[PDB]
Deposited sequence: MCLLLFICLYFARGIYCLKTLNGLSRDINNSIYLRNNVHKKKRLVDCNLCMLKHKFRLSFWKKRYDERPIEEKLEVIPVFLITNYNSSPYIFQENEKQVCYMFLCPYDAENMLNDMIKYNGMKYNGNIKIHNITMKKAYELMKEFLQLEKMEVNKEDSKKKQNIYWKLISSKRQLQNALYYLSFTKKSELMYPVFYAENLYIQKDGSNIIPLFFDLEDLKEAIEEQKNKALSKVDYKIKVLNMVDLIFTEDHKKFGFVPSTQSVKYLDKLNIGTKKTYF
């Protein structure tokens, strides 16, 4: 499976009108749209829009879901048209996970903290058909997978939790050894968007 397919299972959230078109904001001096890896960060921005401009936004905004695949196609397609006005698609990591990740970075190592994903040293999962290392967007999902492993271990094992930059993983000379595990909350949230439609 290509990486474009590995990113497909990762939900991304935008705030849109009812036609599902994103709201553009002027970030001196480009046209910027916001894409959230965490749906509650998106809900927060929607809430701020209602709060500070209810006249313009009430009854006219919703959360819309795409995937990291589509999001990658967007960020990438941007750099191209840039050579040959254009919207800058800004990806926003989970606010809560960025905080969680700081713990695992040293003072000067946390400077470049970008798009955190978490993994454990001695933890694996079986993909098709070999075994790979699980890469979690949510720390709490990782810790949950560790406890499942320890509760059934035959030996005492250390699970050194480490943080990686999701971006660097896209371009590894060999990422076949990794599997992405989306935030279980992000995925669960997709049920709300589609169960809460007309």
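message = No C-alpha coordinates means not modelled. Give me those stretches of the deposited sequence in order.
response = Residues missing from the model, as numbered along the full deposited sequence, span 1 to 67, 152 to 161, 276 to 279.
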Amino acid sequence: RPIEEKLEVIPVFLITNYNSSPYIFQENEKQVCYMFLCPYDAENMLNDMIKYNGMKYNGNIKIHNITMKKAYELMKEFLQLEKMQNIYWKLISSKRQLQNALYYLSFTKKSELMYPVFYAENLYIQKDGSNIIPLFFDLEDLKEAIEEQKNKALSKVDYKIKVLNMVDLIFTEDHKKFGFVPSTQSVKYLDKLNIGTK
From here on, numbers count along this sequence of modelled residues.
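task = Determine, for stretches 86 to 94 and 124 to 132, which one has the higher mean CA B-factor as deposited.
result = Looking at the recorded C-alpha B-factors, 124 to 132 comes out higher on average.
ask   = Taking the recorded C-alpha temperature factors, which stretch has the higher mean, 22 to 30 or 54 to 62?
value = If you average the C-alpha B-factors of 22 to 30 and of 54 to 62, the larger mean comes out for 22 to 30.
task = Determine which member of 81, 102, 71, 117 has the highest CA B-factor, using the values in the deposited entry.
result = Highest C-alpha B-factor among the listed options: 81.
query = Based on the entry's values, in what third of the chain does the Cα temperature factor of residue 159 lie: lowest, middle or highest?
reply = Answer is middle: the recorded C-alpha B-factor places it there.
task = Please rank the C-alpha B-factors of the chain's modelled residues and tell me whether residue 48 sits in the lowest, middle or highest third.
result = For residue 48, the deposited C-alpha B-factor lands in the lowest third.
task = Sort the modelled residues of this chain by their C-alpha B factor and say whether residue 151 lands in the lowest, middle or highest third.
result = For residue 151, whose C-alpha B-factor we compare with every modelled residue in the chain, the answer is the highest third.
inquiry  = Quick check on the deposited entry: does the C-alpha B-factor of residue 144 sit in the lowest, middle or highest third of its chain?
reply    = As the PDB entry reports it, the C-alpha B-factor of residue 144 lands in the middle third of its chain.
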